[PDB]
Amino acid sequence: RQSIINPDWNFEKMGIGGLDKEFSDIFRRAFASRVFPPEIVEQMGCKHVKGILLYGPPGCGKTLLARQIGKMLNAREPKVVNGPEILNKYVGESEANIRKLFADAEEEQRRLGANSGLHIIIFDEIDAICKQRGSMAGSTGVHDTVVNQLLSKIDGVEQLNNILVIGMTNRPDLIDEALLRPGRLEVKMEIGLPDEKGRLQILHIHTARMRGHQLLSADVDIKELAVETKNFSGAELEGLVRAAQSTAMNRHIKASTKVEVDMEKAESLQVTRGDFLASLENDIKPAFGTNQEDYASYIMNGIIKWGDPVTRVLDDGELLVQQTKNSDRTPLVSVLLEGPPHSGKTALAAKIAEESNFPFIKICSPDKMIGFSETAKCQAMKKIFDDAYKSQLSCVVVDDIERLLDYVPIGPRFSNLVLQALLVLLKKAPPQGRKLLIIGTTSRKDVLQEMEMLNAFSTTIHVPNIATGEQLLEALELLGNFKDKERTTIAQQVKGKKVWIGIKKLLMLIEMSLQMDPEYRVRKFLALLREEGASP
Amino acid sequence: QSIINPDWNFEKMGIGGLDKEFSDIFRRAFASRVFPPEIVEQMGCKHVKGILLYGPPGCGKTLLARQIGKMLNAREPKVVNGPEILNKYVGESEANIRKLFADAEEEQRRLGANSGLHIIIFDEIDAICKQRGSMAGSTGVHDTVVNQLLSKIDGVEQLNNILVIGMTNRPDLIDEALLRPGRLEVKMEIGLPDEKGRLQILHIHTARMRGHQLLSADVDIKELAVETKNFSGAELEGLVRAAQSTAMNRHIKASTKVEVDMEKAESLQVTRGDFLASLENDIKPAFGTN
Amino acid sequence: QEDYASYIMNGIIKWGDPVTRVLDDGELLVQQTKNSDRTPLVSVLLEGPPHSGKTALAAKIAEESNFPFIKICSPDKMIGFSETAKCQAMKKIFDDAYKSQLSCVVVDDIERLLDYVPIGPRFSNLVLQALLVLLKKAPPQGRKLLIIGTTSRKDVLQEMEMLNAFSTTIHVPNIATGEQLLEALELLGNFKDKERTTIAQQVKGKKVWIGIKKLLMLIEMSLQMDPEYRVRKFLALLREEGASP
Ligand SMILES: Nc1ncnc2c1ncn2[C@@H]1O[C@H](COP(=O)(O)OP(=O)(O)OP(=O)(O)O)[C@@H](O)[C@H]1O
Ligand SMILES: Nc1ncnc2c1ncn2[C@@H]1O[C@H](COP(=O)(O)OP(=O)(O)OP(=O)(O)O)[C@@H](O)[C@H]1O
Ligand SMILES: Nc1ncnc2c1ncn2[C@@H]1O[C@H](COP(=O)(O)OP(=O)(O)O)[C@@H](O)[C@H]1O
Ligand SMILES: Nc1ncnc2c1ncn2[C@@H]1O[C@H](COP(=O)(O)OP(=O)(O)O)[C@@H](O)[C@H]1O
Ligand SMILES: [Mg+2]
Ligand SMILES: [Mg+2]
Ligand SMILES: [Mg+2]
Ligand SMILES: [Mg+2]
């Protein structure tokens, strides 16, 4: 008759946000048979579920779920196992430790029967003790003998109906297969990264005891925090709040002359938006995706509009991103950025990717794999691509294709494994209802044509060089060098012909010219430009 | 009863050229343990329980850890020297790991929120803690140790009176699950000093000699600071030691039968010659030019 | 289910007789392997230009049959595998297929299984020999087996002397006339009313050489502009990409 839920309970009390669906499913599949009137439940001949498994990347709220589940129930205190804490040196005592966890349940069932309370058991890092059988071929065979005892005790010749085991792991591909059949561990949830609304809920949970004491200034707005925080887990949001609080507190402490804390101004403590911004930009840093310090590294000197080609390229990129976002017949789209060397392909591709406001953005450059062999490169590319399949809509950049596969005109010599991996990965669509965009950059279009790699791409965009005196003058004017009269001379001897130079080389030539004494700078610049004279 | 020692000043620490790093460490790890208890209770925040230190060899990572340990008047630190926790019998390394946190749990249970800080220092952390599933732990102690440590730091039961410090030169074998905001938040890099840092180090090291008039006026410190470039903190000390050794060896006159000329030892002083000879002959920097 | 719903994504429409012809030939082959006595092993090769819908047609032909065992071996599952792993995977799939009274195996994109590149050219011999040996050995007495292979380069296979191991080859063409293009557009329901009228007026003449997949891509690319410019953009794309046979 006594209920199994505590008389005073409330979903808000526990303090977990962003996992409503997971909790609903857990409650439906686990605790639905323990709340209905006994008479109907006993008229169906159904056995209660006695197993749960939770897995996911670190910091997504698993141990919190287990702790709150344990606290919710109106049962005895759960028996927790802190990792591999059931191992002993003596022979046969490792199993005797894993067999003492079920004594009370068995005794109570044999005493009352069909009316006993629940016995909750919690396993932390189940992968520590329960692993594949036949692996870990070391010595003493203790590991293979504990899995057998656990399986035989979970369900065997003897019957138990007042137990429930919860497991948590980060590597669910190592657990034994006979421990996951329906009956041992039936419910297998999956805790993942939160969405924007989940981020808002998490932020509002951890900022509830401060607003209630006028400790938080009204200047702060939570929508901005939820927007800027991308690829953030609950732990990282809590860490950000903690860092903001710490930097707010530190202003009232004087160091370098012993530790002295002012007790007069301490009654006017406040938390400002500046503290939050500084903490965001200094200490806290996520570890899933790409960060601003990478765009700041690829787009070094910004973008300057010296001609309409830049606008044309940017508009084409905008159209492609819109198509992939809205379209549903084509979940996979590709594009190739081609042109002469020193044109500005990588910066333009990075800018196009940045201006898309996608959740997941990544850049796969060849300078992070110096000295790698073929297998290492293939594994790295596969790992980078796999994460993009676990999001909602993502973009990926593959710059300098000719370096990913080691091309050299002599021979020619290159890598076939990487070429085939690329040719296969460019035509494989992501799971149902998910969308991907790929932007590849190169400088040798004919070679790609000879490899039958130019039809795997959906389209192509051309990035040209500076090819007129007016464009050169505009670039010089925008850069901010050779001004007033010094400019006029350059115009006199340049407008009467054509030029062929990239943008990177232009900066290099300007820097080279500026090192001479003031008088011979224009002459040196003109001589350097005339040396770099060519055409298609 | 603040955790801070009743007489502690940064000048007595003996560390020079690391002002910003120490300021950040103090702000992030020791700011919430000195504020009035009531305000911190109202805020409802948990303290940080992890620090990592990395950089090129010989730049002052163990000195900083030792001085931090000596700063706090709360018990004494518990040190772990390399792989000091490793046994052959099955299920004994983890038993060794579980004994480090016993007193913290016992005092937390008995007193609650009126406990004292407990420190644990892990020299060469990458000797035992490493990425799981990468190193071939045939026996299986390596993975199991990492799992035990992870489950003991942040697990079902909550602790609030511990602090763990780790020092490593290779900060990439470390597990990704141990470097998240929950477990180990503050991570710092110790790098080579600049001119002002070198001057501070040289002033710190040659302090007792100047007190006893054992330094001649011929030697200047600005020239020493300028002339030495890309010197780590462990090489200025070696230079000073070599200069002193030469100066003392000047007086001793013995080849076969040891003999000390006490008469000449009455007036001992070190000149520029010793420093120049040591610079030319003895000390060879690793990040400099030869 | 995953493979079936991932290969035949946008269904199969009827833009001309060739679809019906190919389906009928596949059904005849399935019937032949169902009730044969002297020929327990039958093979067929679907051949055509790129972007013509060969994988979808092969999967549909397999589905029309109700054989208890059906499998598709594709390179999507062998990214980064050395030739030894490829041989082992193929051997395991066929060995599993050898334990039933009826079976059907699809080998799509052969040229991506041999790791073929036209510079030299370079490929792998272990996989080629395994495939040449597995197309000729019969299953244990009283059993049947059907193998459907897909390729986009017939000449390469002919040079390696693989086109004789198969039993027959069936050709899969692409749109080659204005009537077919207009019917395909009508069955899709993308351009309608006066837009289709002007498209039909312009298309007449010059023929066309566009496959179904490329047509589906170009129809989606054009619908990202304003209503007044969609027809012109579509016509420009068709004129440029269309190329010639
Ligand atoms: N309008 C612009 N477009 C592109 N890059 C620009 C522009 N204005 C300035 N830049 C700067 O010029 C440099 C372009 O170099 P980038 O890395 O894009 O060259 P690249 O084409 O990838 O060369 P490489 O042949 O060496 O691979 C970057 O610093 C970019 O910031
Ligand atoms: N009658 C049809 N026949 C085939 N595919 C059709 C037909 N009508 C519509 N489609 C769509 O066209 C798609 C054609 O793509 P598919 O993967 O079959 O091409 P493919 O010839 O294998 O390409 P690739 O040469 O790149 O391997 C089919 O998946 C289906 O979505
Ligand atoms: N969904 C969530 N809702 C509220 N807080 C969360 C959530 N996820 C994580 N947190 C916060 O981050 C921490 C998560 O730690 P925990 O979940 O135990 O790590 P792990 O899941 O890797 O074992 C908790 O202290 C909690 O305050
Ligand atoms: N910042 C510093 N200030 C004063 N002395 C230093 C400093 N850095 C290094 N030293 C000296 O150099 C030595 C450094 O050794 P140690 O701290 O063990 O280096 P590490 O632990 O980084 O290998 C110490 O003996 C110390 O006296
Ligand atoms: Mg946990
Ligand atoms: Mg580039
Ligand atoms: Mg040391
Ligand atoms: Mg295909």
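Protein chains in written order, with my numbering: chain S, 53 to 588; chain E, 1251 to 1540; chain F, 158 to 402.
Where is the CB? At the ideal position from N, CA and C, for every residue including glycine.
{"Query": "Using alpha carbons as the reference points, say which of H256(S), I305(S) and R233(S) lies closest to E290(S).", "Result": "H256(S)"}
{"Query": "Taking DSSP's pairing of strands, which residues face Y1304(E) in a bridge?", "Result": "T1418(E) and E1439(E)"}
{"Query": "Evaluate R53(S) with the Cβ neighbour count: other Cβ atoms within 10 Å of its Cβ, from every protein chain shown; 16 or more gives buried, anything less gives exposed.", "Result": "exposed"}
{"Query": "Could you give the first and the last residue of the continuous beta strand (DSSP E) run that contains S401(F)?", "Result": "Counting along the chain, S401(F) falls outside any beta strand (DSSP E), and DSSP gives it neither H nor E."}
{"Query": "So, with DSSP's three-state summary, where would you put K131(S)?", "Result": "strand"}
{"Query": "When the cut-off is 8 angstroms and only beta carbons count, does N1259(E) lie next to chain S?", "Result": "yes"}
{"Query": "List, in order along the chain, the chain F residues whose C-beta lies closer than 8 angstroms to that of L477(S)?", "Result": "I236"}
{"Query": "With DSSP collapsed to three states, give me the class of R1491(E).", "Result": "helix"}
{"Query": "Taking only runs of the alpha helix (DSSP H) that begin and end inside the stretch 518-576 of chain S, which ones reach a length of at least 4 residues, in chain order?", "Result": "521-531, 536-544 and 556-565"}
{"Query": "Could you pull the DSSP bridge partners for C1309(E) from this structure?", "Result": "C1309(E) is not bridged to any residue."}
{"Query": "Mind listing which residues of the stretch 479-510 of chain S have their C-beta closer than 8 angstroms to chain F's C-betas, in chain order?", "Result": "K480, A481, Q484, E502, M503, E504, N507 and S510"}
{"Query": "Within a Cβ cutoff of 6 angstroms, which residues of the same chain sit near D327(S), ignoring the five residues on either side of it in sequence?", "Result": "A296, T299 and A300"}
{"Query": "With a Cβ-Cβ cutoff of 8 angstroms, do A215(F) and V176(F) count as a contact?", "Result": "no"}
{"Query": "Please compile the residues from chain S whose C-beta is within a distance smaller than 8 angstroms of the C-beta of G1294(E).", "Result": "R261 and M262"}
{"Query": "Measure the CB-CB distance between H1368(E) and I1412(E) and report whether it falls below 8 angstroms.", "Result": "yes"}
{"Query": "Across the stretch 391-409 of chain S and the stretch 513-525 of chain S, are there enough close Cβ pairs to call them in contact, namely three or more that are closer than 8 angstroms?", "Result": "yes"}
{"Query": "By DSSP's criteria, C230(F) is part of a beta bridge. Which residues make up the other side?", "Result": "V264(F)"}
{"Query": "Comparing the CB of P110(S) with every heavy atom of ligand 3, is any distance shorter than 7 angstroms?", "Result": "yes"}
{"Query": "Within the continuous alpha helix (DSSP H) that includes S1401(E), where are the two ends?", "Result": "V1391 to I1403"}
{"Query": "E377(F) versus chain S: which residues are under 8 angstroms apart at the beta carbon?", "Result": "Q375, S379, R381 and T382"}
{"Query": "Among all the DSSP beta bridges, which residues are the ones paired with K306(S)?", "Result": "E312(S)"}
{"Query": "Note down, in chain order, each residue of its chain lying with its Cβ closer than 7 angstroms to the Cβ of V1330(E), except the 5 sequence neighbours on either side.", "Result": "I1371, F1372 and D1373"}
{"Query": "Does the beta carbon of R119(S) sit closer than 8 angstroms to a beta carbon anywhere in chain E?", "Result": "yes"}
{"Query": "Against chain S, does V274(F) count as a neighbour if the rule is that its beta carbon must be under 8 angstroms from one of theirs?", "Result": "yes"}
{"Query": "By the DSSP assignment, the beta strand (DSSP E) with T324(S) in it spans what residues?", "Result": "From DSSP, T324(S) is part of no beta strand (DSSP E); its letter is neither H nor E."}
{"Query": "Below 8 angstroms on the Cβ atoms is my contact criterion, and I expect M319(F) with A287(F) to pass it. Report the Cβ-Cβ distance as a whole number of Å.", "Result": "Not really, about 12 angstroms apart at Cβ, beyond 8 angstroms."}
{"Query": "According to DSSP, simplified to helix, strand and coil, what is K487(S)?", "Result": "strand"}
{"Query": "Straight-line CA distance for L475(S) to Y441(S)?", "Result": "18 angstroms"}
{"Query": "Can you grab the Cα-Cα spacing for the pair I178(S) / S1384(E), in whole Å?", "Result": "19 angstroms"}
{"Query": "Less than 6 angstroms between C-beta atoms, sequence neighbours within five positions excluded: which residues of the same chain meet that for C230(F)?", "Result": "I250 and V264"}
{"Query": "Please list the partners that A180(S) has in chain E, where partner means a Cβ-to-Cβ separation under 7 angstroms.", "Result": "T1394 and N1397"}
{"Query": "Using a Cβ-Cβ cut-off of 6 angstroms (strictly less than) and excluding sequence neighbours within five positions of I1301(E), which residues of its own chain qualify?", "Result": "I1415 and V1436"}
{"Query": "Is the separation between the beta-carbon of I369(F) and that of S209(F) shorter than 8 angstroms?", "Result": "yes"}
{"Query": "Indicate the three-state DSSP secondary structure (helix, strand or coil) for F1481(E) in the structure shown.", "Result": "coil"}
{"Query": "In chain order, what are the residues with a CB under 7 angstroms from some non-hydrogen atom of ligand 5?", "Result": "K114(S), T115(S), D176(S), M220(S), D1404(E) and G1405(E)"}
{"Query": "Counting only beta-carbon atoms, is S1517(E) nearer than 8 angstroms to chain S?", "Result": "no"}
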